[PDB]
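Notes for the one structure printed next.
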Amino acid sequence: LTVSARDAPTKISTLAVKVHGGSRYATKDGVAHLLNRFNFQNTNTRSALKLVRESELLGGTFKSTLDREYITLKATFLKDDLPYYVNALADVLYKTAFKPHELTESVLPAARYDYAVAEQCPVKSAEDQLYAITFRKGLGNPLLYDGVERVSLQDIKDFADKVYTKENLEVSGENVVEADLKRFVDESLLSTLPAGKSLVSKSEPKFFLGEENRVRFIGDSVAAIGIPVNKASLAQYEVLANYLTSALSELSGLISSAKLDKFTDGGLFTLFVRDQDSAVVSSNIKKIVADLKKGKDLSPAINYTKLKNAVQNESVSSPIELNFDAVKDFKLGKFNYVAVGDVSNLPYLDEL
Amino acid sequence: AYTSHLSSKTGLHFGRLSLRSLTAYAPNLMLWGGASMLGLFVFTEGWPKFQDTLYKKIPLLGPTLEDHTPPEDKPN
């Protein structure tokens, strides 16, 4: 029940209840996705239609987002309507109905749509293959439900009262008075929630290196490399991710994208090279690894990535507080590799 | 202060029909009643009873409808 807010002299408030309930904590495959798609269905005291048609008249919307670590319950609204929305999110966390007709009419078709829209992008396929071959049973869980292991409704209820506990959530409010938000989160149903355990582990997530996976796919072909990063060398890889996509590097025309997903215990640096024909992807990924196996001086990109980190920490307010100044050089060591697409013409890990 | 609820009402309705649509549709179907009454005034113009009761007291289209055939050149 860490409640934090940040005032502003503006018009739109934004509440968020973030729960450590992502794919990394999922018991079966896709239970976090199904609970996420379940989130704003009907409660025991208010229907899902009544919530939408009263929030429209009060001027605000609800959303809930899933990633590897979090289930985020966001409420964007007009500034002086705050107790309605804290009681709405408290009711969603405490008492949601969990009806099987809601599972079979809304939530399973919504999840089927989410899986079918993420299946067509070969970069999402390569990213989850990369996560799964780097981390095996923690962070390498599948992100979305695709029905390979059957998730019941009791599995969703069990995951819901496993992760919707008072020690496993944060409440964070943009443009909210912090004293009034703290007064409204108690005197609510976030005080009656079970004071469970916090699921985040301060260990290291037990990575694996040198792994490779190849997936058949019709369409664009992607070659992806992935490097697990500990807590110490996090900012060197952020400078590398911002250096490879900026105009400072000669490889920016060959790299489709490059990013570093950060966590509270390290992260994963992913790099994707994607187009429609395997000869260009093979040529480009061989050039990328042959240039990264020699050194790269990352010190030009420090102020650039200071700006980029300020930009991307304006949107989120998860501060990781990185150094950026002790970053001097990079040389590629060992890395996992995923080939998605025309894999009879994409190179293997031997040839990189 | 801070709004915690939404004080509302329902009003009156009986399915698809409200009273708000009745208020919005009342004067135009008064006009529709007038339009079809003028259509009846068209479609009963050759009728003699509606002529001698209604259509021959128009101040300029009154004497236009009658004969004044003399009672001399008709057999009945």
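Chains: A, B, ... in order of the structure tokens. Residues: from 1 per chain. Ligands: from 1, in order shown.
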
Sorted per-residue table, chain B near chain A, closest atoms and distance, 9 Å, only C-alpha atoms, as a Markdown table:
| residue | atom | partner | partner_atom | distance |
| --- | --- | --- | --- | --- |
| B:1 | CA | A:80 | CA | 6.9 |
| B:2 | CA | A:80 | CA | 5.0 |
| B:3 | CA | A:81 | CA | 4.8 |
| B:4 | CA | A:84 | CA | 4.5 |
| B:5 | CA | A:84 | CA | 6.0 |
| B:6 | CA | A:54 | CA | 7.1 |

Selection: 12 Å around residue B:51, only C-alpha atoms, excl. self and same-chain fewer than 4 positions, as a ChimeraX atom specification | /B:41-47,55-58,61-66

Would you mind telling me which residue in A:227, A:232, A:71, A:222 lies nearest to residue A:20 when using only C-alpha atoms?
-> A:71

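Picture a line from atom CA of residue A:62 to atom CA of residue A:107; it runs 16.1 Å.
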
Å distance separating atom CA of residue A:41 from atom CA of residue A:95, one decimal place =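 Separating atom CA of residue A:41 from atom CA of residue A:95 is a distance of 10.6 Å.
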
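For the pair atom CA of residue A:230 and atom CA of residue A:244, the separation is 20.0 Å.
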
Using only C-alpha atoms, which residue out of A:291, A:307, A:346, A:234 lies closest to residue A:322?
-> A:234

Could you give me the residues within chain B that DSSP places in alpha helix (DSSP H), as a PyMOL selection string?
-> chain B and resi 20-43+48-50

Considering only C-alpha atoms, return as a list in words whatever protein or nucleic-acid residues lie within 12 Å of residue A:211, sequence-local ones (same chain, fewer than 6 positions apart) excluded.
-> residues 129, 130, 131, 132, 133, 134, 135, 136, 224, 225, 226, 227, 228, 334, 335, 336, 337, 338, 339, 348, 349 and 350 of chain A
